[PDB]
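Only the coordinates and a few stated rules stand behind these numbers; no lab work does. All Cβ positions, even for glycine, are placed from backbone atoms using ideal geometry, and neighbour counts span all protein chains on display.
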Amino acid sequence: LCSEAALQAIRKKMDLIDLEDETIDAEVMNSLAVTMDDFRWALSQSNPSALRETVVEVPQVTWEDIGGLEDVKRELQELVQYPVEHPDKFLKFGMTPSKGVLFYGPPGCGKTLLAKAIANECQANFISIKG
Amino acid sequence: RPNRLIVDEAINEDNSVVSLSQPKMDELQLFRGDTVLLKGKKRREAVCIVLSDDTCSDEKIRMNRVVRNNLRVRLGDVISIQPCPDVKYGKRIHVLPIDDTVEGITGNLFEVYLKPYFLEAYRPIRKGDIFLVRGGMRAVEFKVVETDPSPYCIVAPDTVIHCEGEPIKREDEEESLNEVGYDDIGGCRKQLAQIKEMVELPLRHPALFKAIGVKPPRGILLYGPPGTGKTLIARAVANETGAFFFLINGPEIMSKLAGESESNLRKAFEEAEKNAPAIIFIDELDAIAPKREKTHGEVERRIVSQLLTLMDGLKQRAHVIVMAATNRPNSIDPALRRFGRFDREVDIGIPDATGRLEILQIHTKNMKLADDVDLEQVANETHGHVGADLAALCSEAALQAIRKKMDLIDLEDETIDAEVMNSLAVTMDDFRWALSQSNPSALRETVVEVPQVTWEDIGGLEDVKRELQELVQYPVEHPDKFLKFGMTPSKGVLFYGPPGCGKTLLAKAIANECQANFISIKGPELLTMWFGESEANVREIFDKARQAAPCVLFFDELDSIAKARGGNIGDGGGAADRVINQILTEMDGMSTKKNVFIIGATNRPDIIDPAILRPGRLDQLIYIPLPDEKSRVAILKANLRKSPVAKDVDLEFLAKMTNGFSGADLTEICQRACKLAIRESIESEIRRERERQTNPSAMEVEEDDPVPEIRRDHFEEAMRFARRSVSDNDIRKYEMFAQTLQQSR
Ligand SMILES: Nc1ncnc2c1ncn2[C@@H]1O[C@H](COP(=O)(O)OP(=O)(O)O)[C@@H](O)[C@H]1O
Ligand SMILES: Nc1ncnc2c1ncn2[C@@H]1O[C@H](COP(=O)(O)OP(=O)(O)O)[C@@H](O)[C@H]1O
Ligand SMILES: Nc1ncnc2c1ncn2[C@@H]1O[C@H](COP(=O)(O)OP(=O)(O)O)[C@@H](O)[C@H]1O
């Protein structure tokens, strides 16, 4: 992408200069600088190769994005953050914390946003599998 | 120096015209038609006549193939012009044909070729010039050997043309004015432009890439149906840029014995390496590098690995560009697609109606088709043909037209006469006869092309038209106002209403208005990949839609899966849900960079799965109501375009009396009336022909055939045999669902 973006900016300053004459002394290109328009054009005719692949990343949704649900906020914090940050303290009591939770409610109430935010605070990955 | 310009191809096919720009002509104090002297490389000069142009820039000069060959230059070079308006009228000109063009012609060439060419044109010529003339069935090149006064002269009605003597030997400076080039390709403007750009960059000035330090492409993959002209594209590019085109044939390599195949391939690459900037063409790539599972032997693996190693062995040196041709771009070994190997893919699709017309125009340039044929009709009735088929059609038409003249050339001689060629013409009957016994090869292929339906074809439906214009045209025609300010455009629209009201017409109309490609997937095929076949087909359907962006993907009868699902089978519901899973999975995978629009049509809105009805998918609902108002009159005009008349059967009364009817019913009425008119005309013709058998030519007053003159009685009789297809229950069901949609959510 970067290479062809440079090539296009060379193109837009090739015909008007005397390319027919003795070769350019690499100073016109020194005067040449790329622009965001060239990058957009290069992005236009690009062929990505990843596409159908599971993506692993840290979602960027913060708890300010969601409103209310202070109860589920606290419950999810208790479920997830305590074992990872306080393993020795559970080991003192010697209990295995539960690993699992279920969300059920009316459609479109922020379950996906809740999962994204709770993964955001723990600074963890997020593998999503859909129906 | 405001003299030098840049050479580019011209649009006018005359041999003595060069197109400048009006400002440049004005600066050089030259007027229309003034003779000019053009001087190019190798110290060759020629004389020509300038004209005006529409959109040519100041630094570009347009000229055809003959003038470029005479000046001994190529595309993208520069020339120095000079106005020299002191041409003196010539007296005697000696012109001779070339050896390898007149094999078996004899006759007197002056009365056939030269006289029509040199009349009322005043073509300037210069000593040593070479020009090409189209004749009976061949293109003959003539070389001027001497003139008087030397070296400039103008052919005038009073000249002494000498055209006698032996043909002269072809020299070794001009390659030829007969091989392939950019003027021998039609219907592939966009792809040819892409390839031309991408290959003109490295093959002209390698030193610029050396100094800049960027990576030129090292492989180009062309794929398409066989016989669409890929080898021809590569040959044209190689012969125009200037290279050492070196073809490699797949079957030829596979036909060797064991260990010599890879050795031959290695000599091929090393030879192309040490013969200057060259293009290597590999034909039938899938024949030598198929998928790994297809291969069963061991020599195939060795050949594939050898090809891969030699491909990876290219690092800079001479800029050698590798091109390969394959039928369908999935049988190739997936290993041959990583970066540094074949990576850039260009699609060569089947030509549309304009492409077929252009191919026919190209192939019949030598012939002398009579002034009665209509190439537009032959072009637009031959859908499903490729370039090779059209070339074969033209050849067969010529052969048929020349067959019925054997009496004139009975025996004759081994060298056919000349005037007999000019006595030959090809008529529409010959073309139709060649059409009849011809079988195309595309047939079962998805068709992508811009539909021709316009806005006036549809009567009424103003609100739907406005809504489609807002939803489709705005996000694309002014993408700046959408990238500024964060609006997320919708990805789909779902149509629902009574059957036969014109959903397909609206989709085609908006596709035409947006000037975007149209792909239609109909119910029968959709159920074909439902049961029996698999769901892998949707993958390449979406891939092809992505390739030709922008596009308007159309899914017709989306409820067919549910209609077949509900019954007494209960076995294939899994197949229907796989269809929906595929549709959803590649529907959500689309990105906003590309403009792909998905439109679905259905007539049972309450049976569709609610998964599709969701943000991020097909979410807007548009209800097309049952027709009313004198927009059905516009409907009647739409299919009465070609139908001649209606006299005095007021269509407005019909619109008033025919309320509650869809478009299909009205079109049926029009077709029935036309059928009655045809029946009446044929029975009248038969009556006349059986009447003429008694009285021989007893007709004092001359009547031609009855002109199509549809009366009121035909239409009334047709109207008597008419009913309404859509009952009153379906419209009430639709309005009930509309009210439920309005209130429940
Ligand atoms: N705090 C929130 N609570 C509920 N819905 C929200 C909130 N913030 C945003 N939304 C909106 O709700 C919509 C549906 O949320 P989502 O979690 O995907 O639904 P579901 O949990 O049913 O899959 C999203 O498009 C989002 O824009
Ligand atoms: N504009 C055109 N587009 C496609 N085919 C053309 C065109 N002009 C001529 N042809 C014919 O198509 C043939 C191209 O060869 P083709 O069989 O397509 O090569 P390949 O076997 O590599 O596909 C030529 O014989 C030529 O006569
Ligand atoms: N404005 C219009 N309203 C209704 N029908 C029309 C209109 N314009 C044309 N038609 C007719 O309607 C027919 C379109 O039918 P079509 O949409 O293919 O059926 P379906 O609605 O089942 O897909 C065409 O034959 C056309 O002649």
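How would you rank B:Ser684, B:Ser261, going from fewest to most other Cβ atoms within 10 Å of each one's own Cβ? Walk me through the numbers before you get to the answer.
Details: B:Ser684 12, B:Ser261 19.
Fewest to most other Cβ atoms nearby, the residues stand as B:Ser684, B:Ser261.
Which peptide among A:112-120, B:236-244 comes first, and what is the full order, when sorted by highest mean count of other Cβ atoms within 10 Å? Could you put the intermediate results ahead of the total?
Numbers: A:112-120: 17.9, B:236-244: 19.6.
Highest-to-lowest ranking by the protection proxy: B:236-244, A:112-120.
Against the longest alpha carbon principal axis of chain B, how many degrees, from 0 to 90 and to the nearest 10, is the axis of helix B:353-363 turned?
Roughly 20 degrees between the two axes.
Post the alpha-carbon centroid distance, the stretch B:550-575 to the stretch B:389-408, in whole angstrom.
The distance from the Cα centre of the stretch B:550-575 to that of the stretch B:389-408 comes to 50 Å.
Counting other beta carbons within 10 Å of each Cβ, put B:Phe597, A:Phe126 in order, fewest first.
Listed from fewest to most nearby Cβ atoms, that is A:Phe126, B:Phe597.
Using the basic label-point model (7 angstrom from Cα toward the beta carbon), what is the B:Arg44 to B:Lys733 distance in nanometres?
7.6 nm
Assuming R0 = 22 Å, can you tell me the calculated FRET efficiency for the pair B:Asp571 and B:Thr528, based on Cβ-Cβ distance, to the nearest 0.05?
0.85
Per Stokes-Einstein, at 20 °C and 1.002 mPa s, what whole-number D in µm² s⁻¹ belongs to the stretch B:692-745, with the Kirkwood radius over Cα pairs as the hydrodynamic radius?
Numbers: Rh = 17.4 Å.
It comes out at roughly 124 µm²/s.
Exactly which trypsin sites (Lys or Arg not before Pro) in the stretch B:436-467 are in a DSSP loop and have at most 14 other Cβ atoms within 10 Å?
Working: sites: B:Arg444, B:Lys465, B:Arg466; in loops: B:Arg444.
Counting only loop positions with at most 14 other Cβ atoms within 10 Å, the trypsin sites (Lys or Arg not before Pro) in the stretch B:436-467 are B:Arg444.
Between B:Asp463 and B:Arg301, what is 0.36 nm times their sequence separation minus the Cα-Cα distance? Round to one decimal in nm. Each step should come with its number before you reach the end.
Working: separation 162, 0.36 × 162 = 58.32 nm, distance 6.21 nm.
Residue separation times 0.36 nm, minus the Cα-Cα distance, leaves 52.1 nm.
Order B:702-712, B:23-33, B:632-642 from most to least packed using the mean count of other Cβ atoms within 10 Å. Before the final figure, lay out each step's value.
Numbers: B:702-712: 10.5, B:23-33: 13.1, B:632-642: 17.1.
Ranking the peptides B:702-712, B:23-33, B:632-642 by packing returns B:632-642, B:23-33, B:702-712.
Are there GluC sites (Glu not before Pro) in the stretch B:159-222 that DSSP puts in a loop and that have at most 14 other Cβ atoms within 10 Å, and which ones? Walk me through the intermediate numbers first.
Numbers: sites: B:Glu164, B:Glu171, B:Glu173, B:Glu174, B:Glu175, B:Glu179, B:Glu197, B:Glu200; in loops: B:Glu164, B:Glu171, B:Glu173, B:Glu174, B:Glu175, B:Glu179.
Sites meeting the loop and neighbour criteria: B:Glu164, B:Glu171, B:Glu173, B:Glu174, B:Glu175, B:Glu179.
May I ask you to derive the FRET efficiency for B:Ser744 and B:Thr488 from their Cβ-Cβ distance with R0 = 22 Å, giving the value to the nearest 0.05? Show your work: numbers first, answer last.
Values: r = 26 Å, r/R0 = 1.17.
Plugging the Cβ-Cβ distance into 1/(1 + (r/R0)^6) gives 0.30.
On alpha carbon coordinates alone, what is the Rg over Rh value for chain B, Rh being the Kirkwood radius?
On the way: Rg = 32.6 Å, Rh = 32.0 Å.
Ratio value, two decimals: 1.02.
Length gain on complete extension for the stretch B:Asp100 to B:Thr667, per 0.36 nm per residue less the alpha carbon to alpha carbon distance?
198.1 nm
Please give the FRET efficiency for B:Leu399 paired with A:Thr112, using the beta carbon to beta carbon distance and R0 = 51 Å, rounded to the nearest 0.05.
Working: r = 70 Å, r/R0 = 1.36.
Efficiency at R0 = 51 Å is approximately 0.15.
Which residues among the stretch B:15-50 fall inside the zone where the amide N is under 19 Å from a point 7 Å beyond the Cα of B:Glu173, along Cα→Cβ?
Taking a point 7 Å out along Cα→Cβ of B:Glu173, the residues of the stretch B:15-50 whose backbone N falls under 19 Å are B:37-48.
If I stretch the segment between B:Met254 and B:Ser150 completely, what's the gain in nm (0.36 nm per residue apart, minus their alpha carbon distance), one decimal? All intermediate terms of the calculation are to be shown ahead of the outcome.
Working: separation 104, 0.36 × 104 = 37.44 nm, distance 5.89 nm.
Working it through step by step, the gained length comes to 31.6 nm.
In peptide A:1-8, what is the residue-averaged number of other protein chain Cβ atoms found within 10 Å of each Cβ?
Details: counts 0, 1, 6, 4, 1, 3, 7, 0.
That average works out to 3.
Could I have the simple spin-label model distance between B:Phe339 and B:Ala698, label points 7 Å from Cα toward Cβ, reported in nm to one decimal?
Taking the two extended label points, one gets 9.3 nm.
In the protein assembly as shown, what percentage of the DSSP-assigned beta bridges are antiparallel, given to the nearest 5?
Working: 24 of 71 bridges.
Bridges in the protein assembly as shown that DSSP calls antiparallel: roughly 35 percent.
How crowded by other chains is B:701-707, given as the mean number of beta carbons from other chains within 10 Å of each beta carbon?
Numbers: counts 0, 0, 0, 0, 0, 0, 0.
Mean partner shielding for this stretch: 0.
Testing the spin-label approximation: label points 7 Å from Cα along Cα→Cβ at B:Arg317 and B:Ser591. State their distance in nm.
For B:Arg317 paired with B:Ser591, the spin-label model returns 3.6 nm.
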